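Trainee: Handing you a structure now.
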Amino acid sequence: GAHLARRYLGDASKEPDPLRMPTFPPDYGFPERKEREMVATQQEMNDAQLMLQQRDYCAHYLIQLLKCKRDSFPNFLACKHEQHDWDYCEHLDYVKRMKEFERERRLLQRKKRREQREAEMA
Amino acid sequence: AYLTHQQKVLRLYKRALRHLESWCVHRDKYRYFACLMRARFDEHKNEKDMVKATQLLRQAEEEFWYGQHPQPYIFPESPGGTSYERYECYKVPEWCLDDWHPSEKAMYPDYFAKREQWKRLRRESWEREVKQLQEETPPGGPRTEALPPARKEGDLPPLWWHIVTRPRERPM
Amino acid sequence: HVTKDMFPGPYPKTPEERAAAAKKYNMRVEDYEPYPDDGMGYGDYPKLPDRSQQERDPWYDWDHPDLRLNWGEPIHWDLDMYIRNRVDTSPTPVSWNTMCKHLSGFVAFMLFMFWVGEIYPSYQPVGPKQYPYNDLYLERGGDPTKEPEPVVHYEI
Amino acid sequence: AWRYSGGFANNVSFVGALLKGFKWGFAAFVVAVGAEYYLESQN
Amino acid sequence: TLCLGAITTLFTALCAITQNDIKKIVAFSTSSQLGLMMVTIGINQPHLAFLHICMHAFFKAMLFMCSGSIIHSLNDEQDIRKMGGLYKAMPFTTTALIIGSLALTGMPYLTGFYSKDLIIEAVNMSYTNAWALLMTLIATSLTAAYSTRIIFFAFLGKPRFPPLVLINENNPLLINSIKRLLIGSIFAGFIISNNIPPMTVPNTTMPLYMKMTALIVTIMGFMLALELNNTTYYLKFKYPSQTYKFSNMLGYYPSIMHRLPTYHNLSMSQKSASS
Amino acid sequence: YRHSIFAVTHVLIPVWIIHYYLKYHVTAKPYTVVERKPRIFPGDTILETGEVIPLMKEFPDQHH
Amino acid sequence: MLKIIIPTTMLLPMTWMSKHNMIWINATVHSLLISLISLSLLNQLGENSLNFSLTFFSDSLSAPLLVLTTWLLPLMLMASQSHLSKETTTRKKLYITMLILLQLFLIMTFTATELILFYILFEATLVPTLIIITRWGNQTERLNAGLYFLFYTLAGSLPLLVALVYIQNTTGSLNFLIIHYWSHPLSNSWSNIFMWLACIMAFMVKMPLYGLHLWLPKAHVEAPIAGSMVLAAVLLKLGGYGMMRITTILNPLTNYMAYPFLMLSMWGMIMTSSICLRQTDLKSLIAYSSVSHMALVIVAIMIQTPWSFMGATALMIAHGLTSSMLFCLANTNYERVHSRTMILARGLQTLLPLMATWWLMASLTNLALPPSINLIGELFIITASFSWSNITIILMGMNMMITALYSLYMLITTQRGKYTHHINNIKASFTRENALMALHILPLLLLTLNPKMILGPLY
Amino acid sequence: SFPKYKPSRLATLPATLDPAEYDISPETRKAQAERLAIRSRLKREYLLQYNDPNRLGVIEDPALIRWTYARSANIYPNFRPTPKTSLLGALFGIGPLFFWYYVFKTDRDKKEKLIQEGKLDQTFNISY
Amino acid sequence: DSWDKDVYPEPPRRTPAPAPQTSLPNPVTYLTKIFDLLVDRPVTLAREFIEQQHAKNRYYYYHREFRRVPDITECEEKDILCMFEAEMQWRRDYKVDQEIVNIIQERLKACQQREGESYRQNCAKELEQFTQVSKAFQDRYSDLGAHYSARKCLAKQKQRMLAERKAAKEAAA
Amino acid sequence: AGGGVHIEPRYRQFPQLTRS
Amino acid sequence: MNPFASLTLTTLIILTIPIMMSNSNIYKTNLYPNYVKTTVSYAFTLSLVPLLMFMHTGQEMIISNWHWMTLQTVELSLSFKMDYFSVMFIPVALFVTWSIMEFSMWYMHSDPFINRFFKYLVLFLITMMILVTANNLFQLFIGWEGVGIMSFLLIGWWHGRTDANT
């Protein structure tokens with residue numbers, strides 16, 4: 001990634017540290033940011049014997065892989081589109097992950113330039 | 001004891017080719033550089049100054065130690081080889097057969113009978129061979145460990161039992 | 001069998017008794033030497049050159065081929081250290097100090113940049129793992145009676 | 001001389017060792033792929 | 001464990017390439033592998049590490065009796081300097097060796113692919129130590145590097161064994177034993193990975209240039225290692241490189257550990273302690 | 001016959017004594033054969049109650 | 001107990017009046033029979049110890065140790081009819097007289113209901129032993145060894161005698177029960193500290209002790225084989241058994257005035273184990289090995305922890321059975337080579353296959369690998385020490401290092417390797433030797449099934 | 001040339017490139033010759049007893065018994081109390097004992113200092 | 001069963017209904033059936049054979065009930081007889097208590113494996129059950145030494161009331 | 001002892017293989 | 001309570017049978033290696049069945065057999081953990097061991113102590129399944145040194161060699 005080069009070898013003050021952010025408020029710059037949704041209640045995900053590290057938002061697409069795999073036994077190549085369906089939403093929320101990483105980065109650049117601009121202006 | 005100067009050259013040459021074989025690996029290159037190695041040997045052969053030779057040996061082996069392979073090639077059945085006394089576990093001294101139970105001894109009748117012939121023959125020839133040993137000791141004690149051969153007729157070489165009856169290198 | 005006259009005794013003070021001490025260890029006066037008279041209790045036992053059993057020539061026949069000692073030759077005071085199985089002092093191809101320099105260099109070389117590797121850790125230009133139900137506070141052992149701190153993420 | 005002559009010569013190049021059986025491999029590819037292509041066409 | 005895992009991968013593999021005994025080189029390759037899963041253990045990937053044990057079990061064990069097949073047949077000689085030309089002379093073992101070598105490199109759609117590339121893909125796609133990543137990447141390239149050395153010296157070369165040749169594998173015990181592990185290694189990971197339930201989260205959104213690096217790094221590890229190994233064909237002046245003098249002698253580790261502390265504690269027992 | 005007698009001696013007899021040990025001695029004491037809870041998913045009827053757990057609510061239905 | 005004490009005495013008139021050559025056979029079979037009778041004491045209630053009478057009482061500590069003594073008596077008798085059959089009948093009969101008397105004192109000592117009653121015969125074991133080392137020993141230094149052993153344990157026994165009678169004059173009877181129930185917290189006054197030393201040094205000088213371990217290499221190595229087992233298998237436990245019995249009127253002074261002894265034992269065992277790693281005599285290596293294990297027992301008692309005592313009893317009996325078996329191993333070579341240097345007789349696995357095996361699991365049992373009660377002994381002490389202090393494991397486990405190197409080093413040097421060329425006396429192992437050694441290791445493995453018996457009073 | 005090999009006690013100088021053997025003098029000539037002589041006396045007499053078909057015992061080795069005696073017994077009668085032995089005994093003796101006393105007491109005092117006001121967590125520690 | 005279901009609580013067993021989606025036969029049902037008529041049936045038949053043989057003559061056994069004892073706190077000082085009776089009373093109380101915590105400890109382990117990876121939130125009641133018992137054990141029997149006695153246990157208990165009430169009254173003010 | 005194995009050793013020439 | 005309990009544990013006890021028969025010394029002292037291999041082959045086929053059982057559903061089980069010790073509050077008892085890690089590694093470990101056992105008949109077909117060698121391999125094999133299948137840390141310890149010590153004898157198979165002992 002170019003982010004490490006821009007941080008360690010570049011202006012580290014303008015690079016969002018993964019541990020630091022989220023720092024800015026959700027709606028800061030976002031008029032009516034909409035909350036995430038969870039179709040599956042924690043009861044069934046708990047019931048589905050799903051790992052906590054796997055107990056994410058996209059786990060709602062995971063709970064039926066094991067069901068169909070159990071029904072597909074012994075045929076292990078039955079669920080292909082369904083398995084593909086889960087890893088797609090994995091991609092989508094993963095895609096969400098660096099856009100918000102960049103969103104806070106762009107906010108960081110925007111705030112930093114604004115403060116310097118007004119500092120010399122005032 | 002005394003390792004003559006031409007002997008050490010022979011040993012150094014032998015170890016050089018073994019090390020050169022390990023470095024070259026491939027046969028045609030092995031024959032290539034060994035001939036070059038040979039070519040740089042025979043031309044320093046007609047020197048009348050022994051001081052030159054020992055001085056030559058100095059930096060020559062100093063070159064040998066620097067250029068030695070950190071993992072030289074040894075055949076498995078030699079000191080450092082992968083089969084060094086790996087068959088020593090199976091070998092057993094011959095005298096242990098005297099402890100065998102008579103039922104076991106009777107289960108190998110003819111061989112044990114031949115063992116008796118070897119035992120009796122060694123018992124008889126022991127007096128003759130020790131007498132020969134004491135009769136030709138160099139003055140002032142034994143000068144060298146080399147054993148003298150059986151001189152007369154109808155005898156056996158002195159101090160022969162263990163070397164002749166040593167367990168085979170392939171005992172199983 | 002063995003008598004009291006041939007046995008380890010006191011430090012060789014006079015050369016005449018040093019000659020007797022040499023014969024005591026079936027060795028000659030010119031090469032015979034004792035341990036330093038440090039009061040450590042070595043007595044007259046010689047300190048032979050510190051050569052392990054591997055240094056001995058294997059092709060030469062030994063009365064004890066497994067450990068390469070002949071009969072009656074006065075063995076080293078510390079044979080158990082220098083036996084074939086135990087500690088050895090065979091000459092390595094490269095010098096010991098160079099052995100230490102490169103080895104101690106490598107471990108410090110390996111360790112030091114691992115610290116600066118932690119100073120600048122490698123990651124992805126990516127955000128953190130979001131999680132629902134207040135980042136699974138209830139399912140991570142959190143007390144249900146204790147009010148879960150409201151945590152919930154949005155879209156972008 | 002024998003190490004470089006006789007049947008022990010004509011050593012295969014390094015890559016050919018990895019590509020051992022490629023001829024029959026690709027031969028089995030077309031039949032299997034063609035079988036799938038018609039089966040998918042029927043589907 | 002990232003610290004221990006990373007160094008273990010390098011040093012074992014670094015000493016692996018410059019060795020000569022077939023058993024030594026293979027073993028060093030194992031110890032390089034045991035360096036791998038603990039690297040994966042650190043970054044919340046235990047099950048992939050455990051899965052890596054399964055796939056590694058198949059081909060790594062296989063590489064041994066195939067080398068054992070060569071060793072016993074060619075009069076119990078373990079020095080790679082004494083084989084060559086066994087490709088067309090030992091067909092089944094040569095096939096078995098190269099199958100294990102390819103599997104050991106994580107080459108796609110095989111036993112190694114279903115474990116190693118997912119491991120290399122996962123290790124970069126996480127918040128880890130930077131110095132560990134460089135070492136795992138280099139180790140994988142070195143992992144292929146000594147694999148070429150084995151195939152190059154043992155098989156793809158002019159014969160070098162003693163004159164009377166006794167090489168043979170027609171014994172059914174040898175053939176069936178290796179064959180079972182062969183047909184195991186070809187599929188193994190395909191069956192297991194498709195069959196075991198999802199137990200982790202396989203990351204998907206991820207750029208190309210570290211997606212391909214699971215196989216990119218070993219392509220060079222095949223490439224320049226082949227170039228440097230075949231350089232021995234050219235008649236060239238022999239010179240022991242210092243790094244080779246370090247690597248070939250097991251990185252100097254036994255000559256200090258197995259001599260310095262062992263001497264001191266034993267001497268402390270004699271001079272001090274007992275006396 | 002050699003394969004058959006080996007099968008009975010080393011499989012049939014051992015499995016019988018283990019099962020007898022397990023069924024009436026090991027499982028006689030509580031929590032000696034405790035197993036993981038049988039994993040079930042929405043849309044599956046639980047055997048001893050016959051209740052079909054209601055299907056998980058509608059999916060967002062986003063594919064590739 | 002009378003069901004054991006009287007029969008043990010009754011062998012003495014029988015052995016002294018048995019036939020000329022029936023001495024060993026008759027004595028052994030009833031000696032085994034007595035051990036069978038002594039098996040009756042393994043049962044212990046979940047409460048107060050089995051108190052047969054005011055004269056004798058047995059607890060869950062004495063009974064496992066008692067059976068070890070009774071099971072031992074066949075083992076010296078069966079280990080000694082080879083190096084003594086060349087002596088006259090009367091001296092051979094006298095040898096049985098010492099051994100039977102040695103047992104009788106041990107049985108009465110371990111079962112004494114009175115502290116001072118314990119003291120007499122616990123000290124009185126010196127006389128039968130001192131005869132064994134000095135009379136039938138097989139080396140010159142045995143005489144200086146006898147003086148070393150006798151004086152070294154007597155130097156501590158007398159201060160205990162003055163201490164015990166002082167407790168009588170201040171607290172009345174020293175019955176083990178009334179002592180336990182009538183306990184007074186020991187003050188930190190200087191007199192109580194000196195009383196603490198007197199009541200402890202007598203037992204602590206007896207196992208080994210680092211600094212007071214100099215008698216084991218003199219005694220054990222020079223003692224006759226029948227005796228040599230006893231100086232390491234059971235009498236070392238007399239110094240042990242005293243510790244847990246006496247450390248009930250010293251609390252809490254043992255809480256503080258134990259660091260010098262705990263510190264001496266912890267570092268000491270590392271030193272003496274390192275001695276084993278660089279020893280020359282087979283017996284001395286075994287004896288010094290017994291020092292390290294026994295020093296581990298010394299450490300265990302001085303924390304006064306339920307887990308510590310719980311593994312303390314197991315370690316003692318496990319070590320005692322092993323050290324005897326290893327001393328059998330030294331004897332087996334000693335008859336053939338007639339010397340005790342280790343490197344003299346290397347390469348025995350090729351010549352003696354089964355004797356190599358007997359040397360094998362004996363070494364592993366000394367290695368203290370699981371589940372052998374040597375492991376369950378040491379491992380329990382590790383946790384007790386670890387709870388007492390976390391740094392202990394650094395010193396604790398480092399002993400597991402040395403005890404691993406020298407144990408196989410003794411094995412590797414003797415059994416493995418090329419056989420000695422010049423020897424031609426090694427014959428097939430006598431069925432006496434192999435059968436004896438099986439009677440050592442087999443109950444030791446059989447005890448692994450239920451170490452609940454050997455665990456001790458704390459369990 | 002190139003760098004040579006510097007030796008150490010643990011990594012001895014190879015006794016082949018050592019300058020001592022390369023230069024030779026007549027005094028050294030019989031010096032090594034008498035090495036063979038004394039070795040031959042030891043070997044031949046041992047082999048004579050070794051090959052004796054009636055010797056059914058052990059050929060005693062004087063070097064072994066002297067080594068054991070010197071390493072075990074003939075040490076204290078030759079021990080002399082001198083400074084270096086005095087400090088070495090004190091250092092390798094009471095040294096580690098008192099050093100271990102400090103750290104273990106340091107652990108103990110810090111440990112019980114923690115629990116007397118409740119600065120330790122052992123809510124589940126019951127089988128001490 | 002051979003144990004009460006309350007002191008060994010068991011959540012209701014919930015097992016899925018086999019739903020075959022793939023028309024190809026699954027094996028796992030067949031080998032269970034093969035095992036049933038090859039191993040399970042002879043084992044049950046043998047079990048029935050000695051069950052009716054056991055019922056031929058079934059002698060009884062009970063547990064020795066121990067009468068309540070005046071414990072240490074009311075025992076007369078230096079009275080060895082009452083102290084011996086009371087010391088055994090506390091000694092027996094230790095072992096039943098050791099089995100009290102053994103049941104709770106073992107029940108704690110049963111929940112962890114039964115609930116799979118969901119153990120963290122399911123075994124929350126089980127966790128606090130162990131917390132209410134383990135903590136009391138420290139202030140009831142722990143740190144009593146190898147030579148523990150009820151007097152020392154009573155001494156520690158008296159230290160507890162003195163220590164906590166002194167703080168309580170001072171804090172109350 | 002008795003030889004007659006399915007293979008036979010060769011001297012510096014290619015050893016015989018088999019169809020299988 | 002399906003056969004999952006019996007099947008997994010039978011694999012361990014079946015592996016012990018060649019060792020128990022070897023203790024008789026009237027055993028198959030001529031074709032011992034073939035007897036050992038076919039035993040591992042049987043256990044391999046049997047050990048498959050617990051796999052597909054977990055494969056079909058995921059029934060991970062704990063087998064707390066005979067109660068060994070009651071250390072105060074600590075109850076040490078022989079307990080096998082049939083986790084996914086144990087349930088599938090056993091077939092893999094049995095598969096490789098079967099594969100090499102046939103190779104072992106070929107490679108060391110001339111060792112006079114070949115029967116003793118095959119006895120050691122099962123002893124190492126037994127210690128491994130103890131290590132893999134171990135609930136209490138003590139059992140994990142049992143397999144740990146049990147594997148560790150068994151490596152010593154097997155490495156020192158040619159005990160005559162000095163370096164092998166080192």
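Lettering and numbering for the structure tokens are positional, with chains as A, B, ... in the shown order, residues counted from 1 in each chain, and ligands counted from 1 in the shown order.
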Could you make a table, as a Markdown table, of the residues of chain E that have an atom within 9 Å of an atom of chain G, each with its nearest atom pair and distance in Å to one decimal, counting only C-alpha atoms, in chain and number order?
Mentor:
```
| residue | atom | partner | partner_atom | distance |
| --- | --- | --- | --- | --- |
| E:265 | CA | G:274 | CA | 8.1 |
| E:266 | CA | G:278 | CA | 6.6 |
| E:267 | CA | G:278 | CA | 8.6 |
| E:268 | CA | G:274 | CA | 8.5 |
| E:269 | CA | G:274 | CA | 5.7 |
| E:270 | CA | G:278 | CA | 6.5 |
| E:273 | CA | G:271 | CA | 6.0 |
| E:274 | CA | G:275 | CA | 5.3 |
```
Trainee: Find the spatial neighbours of stretch 30-40 of chain C, counting only C-alpha atoms, within a cut-off of 6 Å - ignore same-chain residues fewer than 6 positions away - and output them as an MDAnalysis selection string.
Mentor: (chainID C and resid 22 46:47) or (chainID H and resid 79:80)
Trainee: Counting only C-alpha atoms, give me one row per residue of chain B with an atom at most 7 Å from an atom of chain K, showing the shortest contact pair and its distance in Å to one decimal, sorted by chain then residue number, as a Markdown table.
Mentor:
```
| residue | atom | partner | partner_atom | distance |
| --- | --- | --- | --- | --- |
| B:84 | CA | K:161 | CA | 6.7 |
| B:85 | CA | K:161 | CA | 5.4 |
| B:86 | CA | K:161 | CA | 5.3 |
| B:88 | CA | K:160 | CA | 5.0 |
| B:89 | CA | K:160 | CA | 4.5 |
| B:172 | CA | K:112 | CA | 6.1 |
```
Trainee: So that I can check the surroundings of stretch 96-110 of chain H, please list as a count of residues only every protein, DNA and RNA residue that reaches within 10 Å of it, counting only C-alpha atoms and ignoring chain neighbours fewer than 5 positions away.
Mentor: 19
Trainee: In Å, how far is it from atom CA of residue E:88 to atom CA of residue E:72?
Mentor: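 Rounded to one decimal, the two atoms are 17.9 Å apart.
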Trainee: Using only C-alpha atoms, I'd like every residue of chain E that has an atom within 10 Å of chain B; please write them out as a PyMOL selection string.
Mentor: chain E and resi 18-21+75-82+84+153+157-160+232-240+244-250
Trainee: Taking only C-alpha atoms into account, report as a list in words which residues of chain E lie within 8 Å of chain K.
Mentor: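 Going by the stated atoms only, the list reads residues 50, 54, 57, 58, 61, 65, 68, 69, 72, 171, 173, 174, 176, 177, 178, 180, 181, 195 and 196 of chain E.
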Trainee: Could the residues of chain C within 9 Å of chain G, counting only C-alpha atoms, be given as a VMD selection string, please?
Mentor: chain C and resid 63 to 66 80 to 81 85
Trainee: Store the residues picked out above in a file with N, CA, C and O atoms, as an mmCIF file, in the first residue's frame.
Mentor:
```
data_model
loop_
_atom_site.group_PDB
_atom_site.id
_atom_site.type_symbol
_atom_site.label_atom_id
_atom_site.label_comp_id
_atom_site.auth_asym_id
_atom_site.auth_seq_id
_atom_site.Cartn_x
_atom_site.Cartn_y
_atom_site.Cartn_z
ATOM 1 N N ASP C 63 43.225 -49.301 20.973
ATOM 2 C CA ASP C 63 42.719 -50.352 21.847
ATOM 3 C C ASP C 63 41.280 -50.079 22.260
ATOM 4 O O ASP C 63 40.550 -51.008 22.625
ATOM 5 N N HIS C 64 40.859 -48.818 22.214
ATOM 6 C CA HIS C 64 39.500 -48.406 22.558
ATOM 7 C C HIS C 64 38.982 -47.554 21.407
ATOM 8 O O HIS C 64 38.873 -46.327 21.528
ATOM 9 N N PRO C 65 38.652 -48.176 20.272
ATOM 10 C CA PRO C 65 38.308 -47.388 19.076
ATOM 11 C C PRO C 65 37.116 -46.470 19.268
ATOM 12 O O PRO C 65 37.030 -45.436 18.594
ATOM 13 N N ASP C 66 36.190 -46.819 20.162
ATOM 14 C CA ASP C 66 35.011 -45.986 20.371
ATOM 15 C C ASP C 66 35.387 -44.615 20.921
ATOM 16 O O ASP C 66 34.780 -43.604 20.551
ATOM 17 N N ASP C 80 35.794 -36.898 30.301
ATOM 18 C CA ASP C 80 34.343 -36.862 30.170
ATOM 19 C C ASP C 80 33.869 -35.599 29.463
ATOM 20 O O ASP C 80 32.878 -35.640 28.727
ATOM 21 N N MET C 81 34.552 -34.472 29.669
ATOM 22 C CA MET C 81 34.224 -33.279 28.895
ATOM 23 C C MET C 81 34.537 -33.484 27.420
ATOM 24 O O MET C 81 33.716 -33.172 26.552
ATOM 25 N N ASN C 85 31.072 -38.236 22.519
ATOM 26 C CA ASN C 85 29.680 -37.831 22.687
ATOM 27 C C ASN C 85 29.576 -36.406 23.220
ATOM 28 O O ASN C 85 28.756 -35.615 22.741
#
```
Trainee: For chain C versus chain E, which residues have an atom no more than 9 Å away, and what is each residue's nearest atom pair and distance in Å rounded to one decimal, using only C-alpha atoms, chain-then-number order, as CSV?
Mentor:
```
residue,atom,partner,partner_atom,distance
C:40,CA,E:275,CA,8.3
C:41,CA,E:275,CA,8.4
C:78,CA,E:270,CA,8.0
C:80,CA,E:266,CA,8.9
C:81,CA,E:266,CA,6.5
C:82,CA,E:263,CA,8.9
C:86,CA,E:262,CA,8.3
C:87,CA,E:263,CA,6.0
C:88,CA,E:259,CA,6.8
C:89,CA,E:259,CA,7.6
C:92,CA,E:255,CA,7.8
C:93,CA,E:245,CA,8.9
C:94,CA,E:245,CA,8.2
C:96,CA,E:255,CA,8.4
C:99,CA,E:252,CA,6.2
C:100,CA,E:256,CA,7.3
C:102,CA,E:246,CA,7.8
C:103,CA,E:252,CA,6.2
C:110,CA,E:7,CA,7.4
C:111,CA,E:3,CA,8.4
C:113,CA,E:131,CA,6.8
C:114,CA,E:131,CA,5.5
C:115,CA,E:131,CA,8.5
C:116,CA,E:131,CA,8.2
C:117,CA,E:131,CA,5.0
C:118,CA,E:129,CA,5.3
C:119,CA,E:129,CA,8.6
C:120,CA,E:130,CA,7.0
C:121,CA,E:129,CA,4.7
C:122,CA,E:130,CA,4.4
C:123,CA,E:127,CA,4.3
C:124,CA,E:125,CA,6.5
```
Trainee: Please check the contacts: residues of chain D at most 9 Å away from chain E, using only C-alpha atoms, listed as a PDB file with N, CA, C and O atoms, in the first residue's frame.
Mentor:
```pdb
ATOM      1  N   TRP D   2      31.525 -42.870 -19.554  1.00  0.00           N
ATOM      2  CA  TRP D   2      30.207 -43.483 -19.435  1.00  0.00           C
ATOM      3  C   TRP D   2      29.214 -42.555 -18.754  1.00  0.00           C
ATOM      4  O   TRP D   2      28.016 -42.600 -19.054  1.00  0.00           O
ATOM      5  N   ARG D   3      29.688 -41.717 -17.828  1.00  0.00           N
ATOM      6  CA  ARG D   3      28.793 -40.805 -17.127  1.00  0.00           C
ATOM      7  C   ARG D   3      28.156 -39.804 -18.081  1.00  0.00           C
ATOM      8  O   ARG D   3      27.063 -39.295 -17.807  1.00  0.00           O
ATOM      9  N   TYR D   4      28.816 -39.509 -19.198  1.00  0.00           N
ATOM     10  CA  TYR D   4      28.305 -38.565 -20.177  1.00  0.00           C
ATOM     11  C   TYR D   4      27.828 -39.230 -21.459  1.00  0.00           C
ATOM     12  O   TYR D   4      27.236 -38.553 -22.306  1.00  0.00           O
ATOM     13  N   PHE D   8      22.664 -42.769 -20.445  1.00  0.00           N
ATOM     14  CA  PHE D   8      22.615 -41.755 -19.402  1.00  0.00           C
ATOM     15  C   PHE D   8      22.765 -40.341 -19.943  1.00  0.00           C
ATOM     16  O   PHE D   8      22.607 -39.384 -19.178  1.00  0.00           O
ATOM     17  N   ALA D   9      23.068 -40.185 -21.228  1.00  0.00           N
ATOM     18  CA  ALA D   9      23.139 -38.869 -21.845  1.00  0.00           C
ATOM     19  C   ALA D   9      21.727 -38.404 -22.194  1.00  0.00           C
ATOM     20  O   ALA D   9      20.730 -38.992 -21.767  1.00  0.00           O
ATOM     21  N   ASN D  11      20.063 -35.838 -21.191  1.00  0.00           N
ATOM     22  CA  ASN D  11      19.307 -35.448 -20.010  1.00  0.00           C
ATOM     23  C   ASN D  11      18.294 -34.368 -20.366  1.00  0.00           C
ATOM     24  O   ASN D  11      18.605 -33.410 -21.079  1.00  0.00           O
ATOM     25  N   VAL D  12      17.070 -34.533 -19.865  1.00  0.00           N
ATOM     26  CA  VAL D  12      16.011 -33.569 -20.129  1.00  0.00           C
ATOM     27  C   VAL D  12      16.341 -32.249 -19.444  1.00  0.00           C
ATOM     28  O   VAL D  12      16.921 -32.223 -18.350  1.00  0.00           O
ATOM     29  N   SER D  13      15.989 -31.144 -20.097  1.00  0.00           N
ATOM     30  CA  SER D  13      16.195 -29.828 -19.514  1.00  0.00           C
ATOM     31  C   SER D  13      15.415 -29.694 -18.209  1.00  0.00           C
ATOM     32  O   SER D  13      14.513 -30.479 -17.907  1.00  0.00           O
ATOM     33  N   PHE D  14      15.780 -28.673 -17.428  1.00  0.00           N
ATOM     34  CA  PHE D  14      15.187 -28.504 -16.104  1.00  0.00           C
ATOM     35  C   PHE D  14      13.677 -28.328 -16.195  1.00  0.00           C
ATOM     36  O   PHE D  14      12.923 -28.955 -15.443  1.00  0.00           O
ATOM     37  N   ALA D  17      11.342 -31.387 -16.751  1.00  0.00           N
ATOM     38  CA  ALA D  17      11.001 -32.180 -15.576  1.00  0.00           C
ATOM     39  C   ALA D  17       9.676 -31.728 -14.974  1.00  0.00           C
ATOM     40  O   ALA D  17       8.833 -32.559 -14.617  1.00  0.00           O
ATOM     41  N   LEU D  18       9.474 -30.414 -14.851  1.00  0.00           N
ATOM     42  CA  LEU D  18       8.192 -29.916 -14.362  1.00  0.00           C
ATOM     43  C   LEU D  18       7.074 -30.199 -15.357  1.00  0.00           C
ATOM     44  O   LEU D  18       5.984 -30.632 -14.965  1.00  0.00           O
ATOM     45  N   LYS D  20       6.757 -32.607 -17.261  1.00  0.00           N
ATOM     46  CA  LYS D  20       6.558 -34.030 -17.499  1.00  0.00           C
ATOM     47  C   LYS D  20       5.073 -34.360 -17.490  1.00  0.00           C
ATOM     48  O   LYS D  20       4.346 -33.961 -16.576  1.00  0.00           O
TER      49      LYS D  20
END
```
Trainee: Please provide the set of residues having any atom within 10 Å of residue I:142, restricted to only C-alpha atoms, with same-chain residues fewer than 6 positions apart removed, written as a ChimeraX atom specification.
Mentor: /G:305-306 /H:125-128 /I:135-136,148,153,156
Trainee: Could you state the separation of atom CA of residue G:312 and atom CA of residue I:146 in Å, given to one decimal place?
Mentor: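 Between atom CA of residue G:312 and atom CA of residue I:146 the gap is 11.2 Å.
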Trainee: Do you know which residues are at most 9 Å from residue J:16 counting only C-alpha atoms, after dropping those on the same chain fewer than 3 positions away, and could you put them as a list in words?
Mentor: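 Using only C-alpha atoms, the neighbours found are residues 89 and 168 of chain E; 7, 8, 9 and 10 of chain J.
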Trainee: Kindly save the residues from that selection, with N, CA and C atoms included, as a CSV table (one decimal), in the first residue's frame.
Mentor:
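Saved file part.csv follows:
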```
chain,number,residue,atom,x,y,z
E,89,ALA,N,16.0,-42.6,-15.2
E,89,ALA,CA,16.5,-43.9,-14.6
E,89,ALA,C,15.6,-44.3,-13.4
E,168,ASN,N,16.8,-49.1,-8.5
E,168,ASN,CA,15.6,-49.8,-8.9
E,168,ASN,C,14.5,-49.4,-7.9
J,7,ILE,N,15.4,-57.7,-11.1
J,7,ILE,CA,16.4,-56.7,-11.7
J,7,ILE,C,17.7,-57.4,-11.7
J,8,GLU,N,18.7,-56.7,-12.3
J,8,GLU,CA,20.1,-57.1,-12.3
J,8,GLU,C,20.9,-55.9,-12.4
J,9,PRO,N,22.0,-55.8,-11.6
J,9,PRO,CA,22.8,-54.6,-11.6
J,9,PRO,C,23.6,-54.5,-12.9
J,10,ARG,N,24.0,-53.3,-13.3
J,10,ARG,CA,24.7,-53.0,-14.5
J,10,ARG,C,26.0,-52.2,-14.1
```
